[PDB]
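S.K.: File name start38.txt; file contents compact mmCIF, C-alpha atoms; full text below.
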# COMPACT_ATOMS: atom_id res chain seq x y z
CA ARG F 331 -10.54 -24.63 -0.81
CA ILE F 332 -6.98 -23.52 -1.61
CA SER F 333 -5.15 -20.25 -0.99
CA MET F 334 -5.07 -18.02 -4.06
CA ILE F 335 -1.38 -17.18 -3.55
CA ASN F 336 -0.18 -20.59 -2.29
CA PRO F 337 -1.63 -23.72 -3.95
CA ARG F 338 -0.25 -25.86 -1.10
CA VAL F 339 -2.22 -24.11 1.69
CA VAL F 340 -5.71 -25.44 2.43
CA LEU F 341 -8.20 -22.93 3.86
CA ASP F 342 -11.29 -23.34 6.01
CA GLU F 343 -14.71 -21.83 5.27
CA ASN F 344 -13.45 -18.41 6.40
CA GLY F 345 -10.34 -18.34 4.20
CA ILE F 346 -8.15 -19.07 7.23
CA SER F 347 -5.33 -21.62 7.31
CA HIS F 348 -5.52 -24.55 9.71
CA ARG F 349 -1.83 -24.20 10.63
CA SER F 350 -0.94 -20.48 10.43
CA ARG F 351 -3.28 -17.78 11.72
CA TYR F 352 -2.87 -14.02 11.73
CA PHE F 353 -4.31 -11.21 13.86
CA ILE F 354 -3.81 -7.47 13.45
CA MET F 355 -2.77 -5.30 16.40
CA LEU F 356 -3.56 -1.60 15.88
CA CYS F 357 -1.37 0.42 18.22
CA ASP F 358 -1.78 4.11 19.07
CA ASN F 359 0.72 4.22 21.96
CA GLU F 360 4.42 4.71 21.23
CA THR F 361 5.24 3.62 24.79
CA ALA F 362 3.33 0.35 24.36
CA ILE F 363 4.98 -0.62 21.07
CA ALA F 364 8.45 0.41 22.29
CA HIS F 365 7.92 -1.62 25.46
CA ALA F 366 6.66 -4.62 23.50
CA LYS F 367 9.62 -4.49 21.14
CA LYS F 368 11.99 -4.49 24.13
CA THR F 369 10.26 -7.07 26.37
CA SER F 370 8.41 -9.27 23.83
CA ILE F 371 5.04 -9.04 25.62
CA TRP F 372 1.67 -7.93 24.28
CA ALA F 373 -1.67 -7.27 25.98
CA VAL F 374 -4.72 -8.99 24.46
CA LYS F 375 -8.12 -7.28 24.54
CA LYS F 376 -11.03 -9.01 26.25
CA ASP F 377 -13.04 -8.67 23.03
CA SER F 378 -10.63 -10.83 20.99
CA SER F 379 -9.05 -12.94 23.75
CA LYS F 380 -11.18 -16.07 23.33
CA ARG F 381 -10.59 -16.39 19.59
CA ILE F 382 -6.87 -15.65 19.97
CA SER F 383 -6.46 -18.15 22.83
CA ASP F 384 -8.35 -20.86 20.93
CA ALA F 385 -6.13 -20.20 17.90
CA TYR F 386 -3.03 -20.50 20.09
CA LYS F 387 -4.09 -24.01 21.17
CA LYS F 388 -4.76 -25.11 17.57
CA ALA F 389 -2.13 -23.52 15.32
CA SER F 390 0.80 -21.15 15.01
CA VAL F 391 -0.43 -17.62 15.75
CA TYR F 392 1.14 -14.38 14.51
CA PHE F 393 0.40 -10.78 15.47
CA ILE F 394 0.95 -8.15 12.76
CA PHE F 395 1.55 -4.72 14.27
CA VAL F 396 0.28 -1.61 12.49
CA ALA F 397 0.10 1.99 13.69
CA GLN F 398 -3.50 3.12 14.10
CA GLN F 399 -3.12 6.69 12.83
CA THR F 400 -1.02 5.98 9.71
CA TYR F 401 -1.17 2.20 9.08
CA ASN F 402 2.63 2.29 9.30
CA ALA F 403 3.99 -1.24 9.57
CA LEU F 404 5.58 -1.89 12.97
CA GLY F 405 6.56 -5.55 12.55
CA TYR F 406 5.19 -9.00 13.26
CA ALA F 407 5.75 -11.68 15.85
CA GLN F 408 4.70 -15.20 16.77
CA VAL F 409 2.62 -15.67 19.92
CA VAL F 410 4.55 -18.08 22.12
CA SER F 411 2.42 -18.31 25.26
CA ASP F 412 -1.28 -18.36 26.08
CA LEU F 413 -3.15 -15.52 27.77
CA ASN F 414 -2.06 -14.83 31.36
CA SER F 415 -4.02 -12.46 33.59
CA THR F 416 -1.04 -12.05 35.95
CA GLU F 417 1.49 -11.06 33.28
CA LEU F 418 -0.10 -7.88 31.92
CA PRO F 419 2.21 -5.11 30.65
CA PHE F 420 2.19 -1.88 32.63
CA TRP F 421 0.42 0.06 29.86
CA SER F 422 -2.59 -2.28 29.80
CA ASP F 423 -6.01 -1.08 30.95
CA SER F 424 -9.41 -2.49 31.91
CA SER F 425 -10.09 -3.54 28.30
CA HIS F 426 -7.31 -6.16 28.38
CA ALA F 427 -7.83 -9.79 29.37
CA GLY F 428 -4.19 -10.79 29.80
CA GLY F 429 -0.72 -10.76 28.36
CA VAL F 430 0.98 -13.10 25.92
CA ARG F 431 4.67 -13.63 25.30
CA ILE F 432 5.73 -13.04 21.70
CA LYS F 433 8.79 -13.79 19.57
CA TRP F 434 9.56 -10.90 17.24
CA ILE F 435 10.27 -11.89 13.63
CA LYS F 436 10.51 -8.40 12.09
CA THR F 437 10.48 -4.95 13.69
CA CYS F 438 10.35 -1.69 11.76
CA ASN F 439 8.63 1.69 11.50
CA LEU F 440 7.84 2.42 7.86
CA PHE F 441 4.96 3.05 5.48
CA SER F 442 3.88 0.86 2.57
CA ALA F 443 0.96 1.87 0.37
CA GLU F 444 0.33 -1.82 -0.34
CA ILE F 445 0.21 -2.62 3.39
CA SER F 446 -2.11 0.32 4.06
CA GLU F 447 -4.44 -0.88 1.29
CA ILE F 448 -4.77 -4.34 2.86
CA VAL F 449 -5.39 -3.00 6.37
CA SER F 450 -7.92 -0.48 5.00
CA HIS F 451 -10.05 -3.33 3.59
CA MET F 452 -9.42 -6.07 6.15
CA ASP F 453 -12.94 -5.91 7.66
CA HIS F 454 -14.54 -7.35 4.52
CA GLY F 455 -13.80 -4.11 2.66
CA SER F 456 -13.77 -1.69 5.62
CA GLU F 457 -11.00 -0.59 7.96
CA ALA F 458 -9.38 -3.21 10.17
CA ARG F 459 -10.59 -3.65 13.74
CA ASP F 460 -8.00 -4.01 16.49
CA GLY F 461 -7.46 -7.68 17.35
CA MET F 462 -9.44 -9.13 14.44
CA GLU F 463 -8.29 -12.26 12.62
CA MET F 464 -7.44 -11.82 8.95
CA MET F 465 -7.52 -14.25 6.04
CA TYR F 466 -4.46 -16.37 5.29
CA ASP F 467 -3.74 -14.54 2.04
CA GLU F 468 -3.84 -11.20 3.89
CA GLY F 469 -1.40 -12.35 6.58
CA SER F 470 0.92 -13.94 4.03
CA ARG F 471 0.86 -10.79 1.88
CA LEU F 472 1.40 -8.46 4.85
CA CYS F 473 4.38 -10.44 6.18
CA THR F 474 5.97 -10.55 2.72
CA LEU F 475 5.35 -6.82 2.27
CA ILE F 476 7.01 -6.09 5.62
CA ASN F 477 9.98 -8.29 4.72
CA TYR F 478 10.26 -6.61 1.32
CA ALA F 479 9.98 -3.06 2.70
CA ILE F 480 12.62 -3.75 5.36
CA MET F 481 14.77 -5.29 2.62
CA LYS F 482 14.50 -2.30 0.29
CA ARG F 483 15.00 0.21 3.11
CA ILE F 484 18.45 -1.29 3.76
CA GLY F 485 19.82 0.05 0.48
Written as structure tokens, that's how I'd like the structure from this file.
M.R.:
Amino acid sequence: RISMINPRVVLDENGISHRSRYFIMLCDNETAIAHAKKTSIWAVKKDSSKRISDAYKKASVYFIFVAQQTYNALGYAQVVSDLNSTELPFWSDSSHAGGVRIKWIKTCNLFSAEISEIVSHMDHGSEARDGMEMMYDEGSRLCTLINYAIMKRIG
């Protein structure tokens, strides 16, 4: 099983790479995304914490940040620490299991129709669920689209 966009990337049964794994973060709080972009911390939901923590121990993990109401691209970051119940950001609530440190790769606030299309179909054809893992080809495409949109915006 080989990635459709990268012949050198082997995929598991789910279409997920063994080495690079991608999760979507759907944010509806300007204060939370602004805080995360300044302090490089994110809060992980209890519902997706086990799969995200297991991925952190096995591979490189990236969060792709998308606005809930618009699907605006907000950036993407590598997760660089495991879940910690004592380092939760101030905006977290009872639905969060713990915080993770992140390392921002790109940060923006823009719209891409191509990005919105991918997020709109990420749940096997339906709208993405917050915290879900995506396929390798979706994460690779989204990161490239963010890089390309940032690139074109500076011009």
S.K.: May I ask which of the residues F:443, F:472, F:403, F:374 is the closest one to residue F:423, counting only C-alpha atoms?
M.R.: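 Ranking F:443, F:472, F:403, F:374 by distance to residue F:423, first place goes to F:374.
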S.K.: Could you tell me how far atom CA of residue F:405 lies from atom CA of residue F:476, in Å and to one decimal?
M.R.: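 If I compute the distance from atom CA of residue F:405 to atom CA of residue F:476, I get 7.0 Å.
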S.K.: Find the spatial neighbours of residue F:432, counting all atoms listed in the file, within a cut-off of 8 Å - ignore same-chain residues fewer than 2 positions away - and output them as a tab-separated table (two decimals) with C-alpha atoms, in the coordinates of the input.
M.R.:
chain	number	residue	atom	x	y	z
F	370	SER	CA	8.41	-9.27	23.83
F	371	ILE	CA	5.04	-9.04	25.62
F	372	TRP	CA	1.67	-7.93	24.28
F	407	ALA	CA	5.75	-11.68	15.85
F	408	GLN	CA	4.70	-15.20	16.77
F	409	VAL	CA	2.62	-15.67	19.92
F	410	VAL	CA	4.55	-18.08	22.12
F	411	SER	CA	2.42	-18.31	25.26
F	430	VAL	CA	0.98	-13.10	25.92
F	434	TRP	CA	9.56	-10.90	17.24
S.K.: If we count all atoms listed in the file, what is near residue F:467 at a cut-off of 9 Å, once residues fewer than 3 positions away on the same chain are taken out, given as a PyMOL selection string?
M.R.: chain F and resi 333-336+345-347+464+470-472
S.K.: Write out, as a short mmCIF file (atom, residue, chain, number, x, y, z; two decimals), in the coordinates of the input, the residues just selected, with C-alpha atoms.
M.R.:
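Wrote it out as again05.cif, contents follow:
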data_model
loop_
_atom_site.label_atom_id
_atom_site.label_comp_id
_atom_site.auth_asym_id
_atom_site.auth_seq_id
_atom_site.Cartn_x
_atom_site.Cartn_y
_atom_site.Cartn_z
CA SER F 333 -5.15 -20.25 -0.99
CA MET F 334 -5.07 -18.02 -4.06
CA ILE F 335 -1.38 -17.18 -3.55
CA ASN F 336 -0.18 -20.59 -2.29
CA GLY F 345 -10.34 -18.34 4.20
CA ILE F 346 -8.15 -19.07 7.23
CA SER F 347 -5.33 -21.62 7.31
CA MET F 464 -7.44 -11.82 8.95
CA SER F 470 0.92 -13.94 4.03
CA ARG F 471 0.86 -10.79 1.88
CA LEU F 472 1.40 -8.46 4.85
#
S.K.: Would you list the contacts of residue F:342 as JSON, numbers by chain, taking every protein, DNA or RNA residue within 10 Å and counting all atoms listed in the file, but skipping same-chain residues closer than 5 positions in sequence?
M.R.: {"F": [331, 332, 333, 347, 348, 465, 466]}
S.K.: For stretch 400-415 of chain F, I'd like the enclosing box, axis-aligned and padded by 5 Å on every side, reported as JSON with centre and edge lengths in Å to one decimal.
M.R.:
{"center_x": 1.3, "center_y": -6.2, "center_z": 21.3, "size_x": 20.6, "size_y": 34.3, "size_z": 34.5}
S.K.: Could you jot down the atom CA of residue F:441 to atom CA of residue F:351 separation for me, Å, one decimal place?
M.R.: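 So the answer is 23.3 Å.
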S.K.: Leaving out residue F:419 and any residue of its chain fewer than 2 positions from it, which residues lie within 10 Å of it when counting only C-alpha atoms, given as a ChimeraX atom specification?
M.R.: /F:362,365-366,369,371-373,416-417,421-423,426,428-430
S.K.: Counting all atoms listed in the file, which of F:413, F:404, F:364, F:357 gets nearest to residue F:386?
M.R.: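 Under the stated criterion, the closest residue is F:413.
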S.K.: Compare F:387, F:468, F:482, F:474 by their minimum atom-to-atom distance to residue F:436, counting all atoms listed in the file, and give me the closest one.
M.R.: F:474
S.K.: Using only C-alpha atoms, which residue out of F:399, F:446, F:456, F:424 lies closest to residue F:360?
M.R.: F:399
S.K.: Which one of F:354, F:481, F:340, F:473 sits closest to residue F:435 if you count all atoms listed in the file?
M.R.: F:473
S.K.: Could you please give me, as a PyMOL selection string, the residues of protein, DNA or RNA lying at most 10 Å from (-2.1, 4.9, 16.6) in the coordinate frame of the file, considering all atoms listed in the file?
M.R.: chain F and resi 356-360+396-402
S.K.: So how far away is atom CA of residue F:391 from atom CA of residue F:437, in Å?
M.R.: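 Interatomic distance here is 16.8 Å.
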S.K.: Nearest residue to residue F:427 out of F:390, F:450, F:442, F:378, using all atoms listed in the file?
M.R.: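 Smallest separation from residue F:427 among the options: F:378.
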